[PDB]
4 protein chains.
Amino acid sequence: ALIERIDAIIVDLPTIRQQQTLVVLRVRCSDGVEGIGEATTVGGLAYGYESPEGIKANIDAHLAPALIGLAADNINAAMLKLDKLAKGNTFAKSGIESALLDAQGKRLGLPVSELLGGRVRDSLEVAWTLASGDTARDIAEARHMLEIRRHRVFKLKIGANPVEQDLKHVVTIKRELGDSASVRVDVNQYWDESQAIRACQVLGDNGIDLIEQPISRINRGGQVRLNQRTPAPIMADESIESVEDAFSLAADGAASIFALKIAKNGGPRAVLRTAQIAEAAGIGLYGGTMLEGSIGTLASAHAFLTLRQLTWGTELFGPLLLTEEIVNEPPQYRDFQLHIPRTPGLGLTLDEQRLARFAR
Amino acid sequence: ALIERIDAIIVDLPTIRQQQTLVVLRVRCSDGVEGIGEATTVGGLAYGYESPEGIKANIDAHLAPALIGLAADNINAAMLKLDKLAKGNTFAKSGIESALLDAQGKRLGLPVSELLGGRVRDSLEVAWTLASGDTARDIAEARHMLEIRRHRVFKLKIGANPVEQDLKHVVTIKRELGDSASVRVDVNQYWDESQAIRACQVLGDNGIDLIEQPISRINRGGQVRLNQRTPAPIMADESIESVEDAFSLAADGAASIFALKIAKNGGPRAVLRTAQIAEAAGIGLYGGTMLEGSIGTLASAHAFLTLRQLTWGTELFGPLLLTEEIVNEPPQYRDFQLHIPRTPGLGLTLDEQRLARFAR
Amino acid sequence: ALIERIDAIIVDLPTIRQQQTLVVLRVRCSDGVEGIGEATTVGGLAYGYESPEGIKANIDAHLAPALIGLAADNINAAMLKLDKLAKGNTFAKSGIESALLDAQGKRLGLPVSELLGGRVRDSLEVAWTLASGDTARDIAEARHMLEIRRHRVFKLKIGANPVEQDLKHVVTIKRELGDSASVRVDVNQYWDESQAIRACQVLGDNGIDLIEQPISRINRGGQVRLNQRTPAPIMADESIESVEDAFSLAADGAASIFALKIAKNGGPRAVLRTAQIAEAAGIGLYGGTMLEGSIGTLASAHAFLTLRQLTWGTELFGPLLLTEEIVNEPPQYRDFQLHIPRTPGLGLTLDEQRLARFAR
Amino acid sequence: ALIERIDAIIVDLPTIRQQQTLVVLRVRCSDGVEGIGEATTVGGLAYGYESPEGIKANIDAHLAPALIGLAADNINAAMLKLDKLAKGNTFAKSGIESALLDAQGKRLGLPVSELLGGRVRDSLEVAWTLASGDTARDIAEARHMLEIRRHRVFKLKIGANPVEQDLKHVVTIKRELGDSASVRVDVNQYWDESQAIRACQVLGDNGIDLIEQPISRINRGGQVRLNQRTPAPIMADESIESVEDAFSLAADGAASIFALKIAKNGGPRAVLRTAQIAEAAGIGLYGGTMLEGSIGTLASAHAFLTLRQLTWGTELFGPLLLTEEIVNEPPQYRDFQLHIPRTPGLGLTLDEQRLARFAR
Ligand SMILES: [Mn+2]
Ligand SMILES: [Mn+2]
Ligand SMILES: [Mn+2]
Ligand SMILES: [Mn+2]
């Protein structure tokens with residue numbers, strides 16, 4: 001089986017909040033097997049180097065031509081080849097690897113998690129981002145998610161308003177939910193070290209379980225200092241833009257927790273390298289997302305199932321934000337977790353009609 | 001006097017809780033003197049590289065043949081020879097050295113502690129592990145041990161349940177006992193650094209005297225960071241698997257207290273090297289155990305009696321967990337301490353009948 | 001397919017030099033497929049914690065019972081389970097993983113290298129150890145190996161004689177061979193830092209390509225200092241006794257090259273974690289061996305074929321030292337390299353007659 | 001057996017060069033056994049805190065009164081007591097411990113080396129200091145010592161003349177002796193780091209085997225820097241004025257070799273602690289001296305016989321410098337080594353007549 005064609009399709013899907021743009025990859029092999037992958041980001045170029053437009057242009061012009069003709073069953077050789085011709089471009093690489101893994105899983109009749117070694121679990125805990133902006137509404141949404149047993153871990157995005165306004169908001173939510181939920185924050189690099197010093201103390205003293213990426217990745221020393229002084233543990237996300245960054249942060253002691261994202265590392269196998277480095281250093285894990293649809297979510301999930309331990313769970317709730325999907329199989333969210341079947345590949349198939357309807 | 005025969009016998013003894021497996025060593029010398037030693041571990045291979053089965057196989061096939069014929073009175077030459085042919089195998093080496101020291105003590109008419117230089121005390125404070133799992137039962141067992149004046153220092157094994165569940169358990173016990181007892185914990189490498197950050201703070205703020213091995217030995221930086229930030233002092237145990245590890249941790253500032261175990265270092269003389277290194281660095285001491293019976297307990301005790309100071313006492317309570325013993329002389333636990341006589345060798349003799357009864 | 005039986009057989013084979021002891025593992029699965037593995041060391045306990053006797057005792061008593069009944073096709077779950085019940089025991093784990101990988105390769109019809117991701121090459125460069133002790137003989141053996149195009153990279157084991165005697169020996173060999181061969185040394189931890197200082201300079205100034213493990217693993221600082229001052233690069237071998245050690249050495253900058261041994265890490269998949277860590281740090285690779293027969297050699301080789309780059313080649317020449325083998329398929333050494341076929345599993349089958357003949 | 005009396009006698013003996021002052025200790029025990037020790041220095045207060053006069057005054061007024069009445073057979077308890085009442089005073093402590101060890105050896109019928117664990121050798125290599133000041137004479141004395149097979153390792157004391165004058169002297173001696181002798185230097189803290197930089201390079205490039213204490217102990221950073229840059233290894237001597245200093249230097253990486261002196265550490269047992277620390281760090285050893293007579297030399301020797309390895313030999317040639325002695329048994333210097341018998345204690349007895357003749 002050889003790789004015959006690779007198609008990168010930009011799809012705009014409507015959300016429950018506005019749209020979300022996905023780059024769906026379809027890799028057709030000579031044995032008739034097709035693999036599907038996903039390369040998705042948030043806000044064009046605001047949360048990464050790659051935009052949907054940039055991802056497609058590079059796949060069509062550089063990445064895809066390098067793979068047509070190669071053995072579809074030798075994923076390592078294919079991905080190493082891409083590293084030799086292309087610096088970075090991890091989101092694009094992630095979609096490509098996800099698709100090759102899907103095709104290979106269907107070919108051998110095994111779930112991607114088994115291709116990656118074997119799963120140690122069948123479900124993953126999923127956190128939920130309370131994003132209404134209104135404290136009263138957030139507490140209400142949280143009480144609801146707990147009621148229907150969908151989520152018991154909540155994430156708050158802060159950093160866009162005055163520090164003291166965001167702190168009041170977060171402390172109020174943890175105060176009202178109490179021990180019934182785990183409350184965490186994500187500052188998305190918005191604070192400088194001088195603002196984080198007091199903010200991390202207040203949050204830590206008021207029961208916040210972890211503080212995700214409080215300051216910018218450019219401030220390495222600041223990350224090391226905050227890792228040693230904050231009452232609540234520091235998780236790195238944006239600081240990891242490659243597997244080598246993970247080693248660097250580990251060697252430096254810049255964070256006690258690493259967020260694992262297939263898009264930021266280069267695919268399901270790449271994310272496992274990063275996880276392995278963290279494991280060898282004793283750094284805790286968390287399954288992150290770039291708000292992918294079901295393809296990217298399942299591609300992430302299949303890798304996370306092989307991990308010994310994910311101390312802080314995951315946030316694979318991307319499909320729950322989309323009103324319409326492009327696959328036929330809806331993901332199973334039940335009892336605070338996402339459940340992954342033992343079907344071949346990623347266990348998903350495209351809905352040709354909805355795909356054609358939402359493809360731009 | 002030459003070494004003529006060395007026998008390694010696996011013995012399964014019943015406990016008050018299940019069984020405990022010991023490897024009893026018998027070294028017979030040409031002058032008719034016999035020395036007895038012990039090499040014991042907990043849970044097969046779960047708490048160390050050496051299992052009872054592995055210990056015996058290596059003694060019979062490699063270690064013992066190297067000693068038959070050598071002067072029984074030159075312990076240094078014998079132990080150095082073993083280091084030259086065998087990497088690691090500290091538990092096995094510990095049993096062998098204990099036996100040679102016992103034989104040499106009987107030969108010269110001196111207690112092993114005197115062979116090791118001279119004792120500065122005749123008794124050692126002994127801590128007790130509250131292991132029922134039930135908080136109410138633990139407090140009750142603790143009140144009892146205080147009542148009969150057997151123990152006033154208590155150790156709790158945590159880390160197998162959710163962090164917050166274990167913290168509640170430990171804080172409740174310290175709350176109810178108050179200043180009448182010293183309460184300490186042992187996490188047995190079960191937490192990662194991200195979990196330990198908050199856990200060490202809560203424990204330290206609630207009167208826990210020390211936190212033993214909170215995180216894995218693989219996380220060196222984490223140990224150094226926790227040593228600088230935890231309100232309660234950090235004790236290293238599993239991180240020491242040799243005398244050289246002790247130097248490394250001392251040079252790094254990875255712990256302010258070292259647990260001393262003859263099995264983890266290579267014998268009574270080896271444990272003294274580790275203690276000496278700690279002393280030269282200003283690191284506090286604690287007499288640890290691998291739940292040995294009376295032979296291994298006394299072998300440890302004889303070395304600990306020579307120490308200038310053991311700030312945190314010891315936990316030489318192993319014989320109290322066994323319902324049956326293989327020696328004739330029961331250890332004296334009285335007034336919160338273990339008392340060591342001034343009899344030759346380890347001051348113990350085998351009970352041939354019980355030995356034959358429990359030997360597998 | 002479930003794991004039904006696991007047999008650990010000690011086999012003594014004759015060498016061209018004396019014997020070599022192997023522990024052959026046979027794992028039988030419920031679908032009729034059998035996987036074979038190997039756990040071998042050099043000199044009993046002289047080059048590691050595990051002896052052939054210790055390896056078998058632990059497999060029979062602890063490791064094997066934990067696997068009987070588990071899915072043979074979920075290697076990750078099986079190996080993670082072993083890490084949970086057994087500390088260390090990497091040689092034993094390496095044999096077990098090699099066997100599971102072999103069985104799984106035969107089951108799916110793929111070579112182990114493909115199970116591990118996909119090979120990027122079909123052959124590996126192989127170095128040869130000149131071990132006659134006589135300089136004149138060594139040069140002769142080297143000229144011969146170059147003549148028949150079997151080896152062009154030579155390794156010298158030094159450290160057992162006076163420093164200046166070993167230096168003369170090594171310099172003479174490089175002097176006479178010139179640019180036709182690559183000459184490297186291995187000191188096997190025999191020098192202390194004070195001896196290595198001058199020795200590394202002389203060797204480096206006289207064309208020796210690399211210096212393998214000059215000083216003991218206990219001297220970490222010394223390794224860091226030698227890594228910064230020696231004219232010839234420093235390779236770590238004995239310092240790596242686990243994947244976590246590799247991270248530590250990388251973070252410390254203790255060596256610019258890592259020797260990769262499946263036995264020291266825990267198996268083919270484990271050695272890949274170590275290699276990944278090195279790659280993320282920019283550390284060069286070398287395929288090492290513990291003088292394994294064809295099973296262990298091929299198990300190592302299949303993992304090394306997936307690596308992007310092995311700057312310093314390999315030393316997979318173990319089968320060339322044995323006069324008799326226990327497999328039917330002889331390895332192909334041709335044109336300075338070892339060639340690996342694309343047959344299922346490790347591509348080897350046992351010779352039942354020679355096995356029964358050499359099994360102790 | 002209790003300690004009844006301790007006498008500190010100042011004795012002035014004539015040398016082959018001038019006199020050498022010794023402080024002979026005689027400890028009489030209630031069982032009739034007497035132990036002899038020695039506390040000696042060079043040049044009053046020029047090479048240490050303690051002078052012969054200061055040593056005696058402190059023994060008579062503070063140290064001795066603290067021991068009268070204690071068990072003579074519990075050396076550990078006695079020495080620990082002294083550490084509790086007296087800061088430093090290592091030379092004095094060294095004499096006292098040597099005497100207690102001698103008495104205890106005679107009491108049990110064992111050589112001190114056996115009390116310390118057991119010897120691994122019966123002789124020690126001895127270096128010789130060429131001190132005539134004249135290059136031509138030094139070469140001649142060296143050729144002679146090689147001829148009669150007394151010494152093959154030579155030490156040169158430099159630093160009192162202009163750097164370039166001393167360098168010429170040392171290089172000429174190594175040039176003329178060639179590979180027949182090992183040439184080493186001792187700068188006795190005389191250079192500052194700026195002078196040592198070039199001097200260490202010249203010496204290292206011209207075959208000098210090691211450079212002993214080139215700069216002052218006050219310059220720690222300078223020692224660390226020279227340890228990393230000098231072509232020839234750096235040995236610490238004056239930097240060690242206690243066992244704790246040894247740990248500090250080891251942790252810092254200030255030297256690759258440690259000189260072991262009983263007088264600088266506190267006695268035979270104390271020097272073993274220092275040696276153990278070095279061993280755990282991978283630092284090479286050398287048996288040093290303070291130009292002691294036979295009592296102090298043998299007291300040092302008995303401890304050095306227990307050491308696994310002394311890479312750079314010893315310099316126990318003190319008795320060869322004295323024309324008259326105060327003991328009856330002359331030391332055996334033969335075939336480049338000092339030979340130690342297996343007689344009880346230090347194996348020496350006082351010559352009452354010569355003692356009374358040279359006692360001041
Ligand atoms: Mn984030
Ligand atoms: Mn412990
Ligand atoms: Mn090697
Ligand atoms: Mn000196």
Side-chain angles (χ1 to χ4, degrees), chain A residues 42 47-48 127 129 155-159 184-190 210-214 217 234-240 255 257-261 263-264 286-291 312 314-315, chain B residues 42 47-48 127 129 155-159 184-190 210-214 217 234-240 255 257-261 263-264 286-291 312 314-315, chain C residues 42 47-48 127 129 155-159 184-190 210-214 217 234-240 255 257-261 263-264 286-291 312 315:
Chain A
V42 183
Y47 290 83
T129 301
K155 190 178 145 161
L156 296 157
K157 294 232 181 176
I158 55 176
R184 301 126 174 237
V185 294
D186 190 344
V187 203
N188 289 278
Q189 302 190 107
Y190 297 150
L210 69 77
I211 298 156
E212 182 173 6
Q213 196 82 32
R217 70 186 316 268
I234 294 305
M235 165 155 78
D237 179 359
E238 281 77 21
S239 298
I240 303 169
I257 317 166
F258 278 177
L260 305 178
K261 298 184 176 186
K264 292 287 190 184
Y286 176 71
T289 187
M290 290 300 299
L291 295 196
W312 305 96
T314 84
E315 59 182 15
Chain B
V42 183
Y47 290 83
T129 301
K155 190 178 145 161
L156 296 157
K157 294 232 181 176
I158 55 176
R184 301 126 174 237
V185 294
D186 190 344
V187 203
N188 289 278
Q189 302 190 107
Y190 297 150
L210 69 77
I211 298 156
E212 182 173 6
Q213 196 82 32
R217 70 186 316 268
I234 294 305
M235 165 155 78
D237 179 359
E238 281 77 21
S239 298
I240 303 169
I257 317 166
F258 278 177
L260 305 178
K261 298 184 176 186
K264 292 287 190 184
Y286 176 71
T289 187
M290 290 300 299
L291 295 196
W312 305 96
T314 84
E315 59 182 15
Chain C
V42 183
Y47 291 83
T129 299
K155 187 177 150 163
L156 296 157
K157 294 233 183 187
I158 56 178
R184 300 129 174 236
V185 293
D186 190 344
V187 203
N188 290 275
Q189 301 190 108
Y190 298 151
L210 68 76
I211 297 155
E212 181 174 5
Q213 195 82 31
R217 70 185 318 267
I234 294 303
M235 165 155 80
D237 181 357
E238 280 77 24
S239 298
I240 302 168
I257 317 169
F258 279 178
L260 306 178
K261 298 185 176 187
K264 292 288 192 183
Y286 176 73
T289 187
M290 289 302 296
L291 296 195
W312 304 96
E315 58 182 17

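Counting convention: from 1, in listed order, for ligands and their atoms alike. To find a chain, count down the sequence lines: A is the first, B the second, and so on, and within it residues start at 1. What's counted below: heavy atoms across the whole structure, side chains too, no hydrogens, waters or symmetry copies.
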Supply the atom-to-atom distance [X] [atom1] to [Y] [atom2], rounded to the nearest 0.5 angstrom.
X	Y	atom1	atom2	answer
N188(B)	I158(B)	CG	CD1	9.5 Å
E212(A)	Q189(A)	CD	CD	10.5 Å
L156(A)	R184(A)	CG	CZ	11.0 Å

Task: side-chain hydrogen bond (donor to acceptor under 3.5 Å, both in side chains) involving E315(B) - partner list, sequence neighbours excluded - done: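 In terms of side-chain hydrogen bond (donor to acceptor under 3.5 Å, both in side chains), with neighbours along the sequence ignored, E315(B) is linked to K155(B), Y286(B).
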Open item on the list: Which residues pass the side-chain hydrogen bond (donor to acceptor under 3.5 Å, both in side chains) test with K261(B), not counting sequence neighbours?
Closed with: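 Result, side-chain hydrogen bond (donor to acceptor under 3.5 Å, both in side chains) vs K261(B): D237(B).
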- [ ] Can you sort out the partners of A255(C) under side-chain contact (heavy atoms from CB on, under 4.5 Å), two or more places apart, ordered by chain and number?
- [x]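 Applying side-chain contact (heavy atoms from CB on, under 4.5 Å) to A255(C) gives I234(C), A236(C), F258(C).
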Open item on the list: With 2.8 Å as the threshold, which protein atoms of type N, O or S lie near the Mn ion (ligand 1)? Leave waters out.
Closed with: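 Counting only protein N, O or S atoms under 2.8 Å from the Mn ion (ligand 1), the list reads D186(A) OD2, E212(A) OE2, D237(A) OD2.
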